[PDB]
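Shown below, as structure tokens, is a lone chain in the form deposited in one PDB entry; questions about how it binds or moves come after it.
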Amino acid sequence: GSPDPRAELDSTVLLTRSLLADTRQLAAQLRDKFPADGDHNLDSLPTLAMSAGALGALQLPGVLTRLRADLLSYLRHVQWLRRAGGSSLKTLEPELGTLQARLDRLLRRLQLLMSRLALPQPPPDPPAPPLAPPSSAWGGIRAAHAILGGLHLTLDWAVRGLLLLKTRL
């Protein structure tokens, strides 16, 4: 029947925490084999907003819309890594593909949450062009660090933001 938004956010946060843990584990596996010297970034990745000062009902549609968009970008990047990241990263399977499938599940859950709560849906956006292949094997490894680290941060701020917002529902 009418969903309880608090319970729905609780459920969504639990699944986000699961994906956060998977992402953290894969990032540490990657650093064990290919250590990183510096925080790595990629221009094609979303800029994370890190909103959590004061969040309430008015902000919920926007937070969820932005999360959906960000997670879809991370999915594109994860798929790109698996296909074109270079042989150096074949060792990250099958875990990277499992992460991809779980990200898909969370994306489905977010669209359903928005539908059941009758929240305004984003306009069908123009899909981003293909990602260029890495310019080198080490460039591909740095991109993997950037992708897993950025996904981790996105999921951490989603957990934080959604739980804070829930306190005002």
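Throughout, we count residues from 1 along the sequence that is shown.
Not pictured, yet referred to below: the form deposited with a partner chain bound.
No residue in the set 73, 75 and 90 has a non-hydrogen atom no more than 4.5 Å from its partner chain in the entry with it bound. Proximity to its partner chain in the entry with it bound, defined as a heavy atom within 4.5 Å, holds among 50, 132, 118, 69 only for 50. A residue is said to contact a partner when one of its heavy atoms sits within 4.5 Å of a partner heavy atom; residue 63 fails this definition for its partner chain in the entry with it bound, lying far away. Its partner chain in the entry with it bound is not approached by residue 27, whose heavy atoms all lie more than 4.5 angstroms from it. Put simply, residue 125 is far from its partner chain in the entry with it bound: not one heavy atom of it is within 4.5 Å. Shown alone here, residue 20 lies within 4.5 Å of its partner chain in the entry with it bound, counting heavy atoms only.
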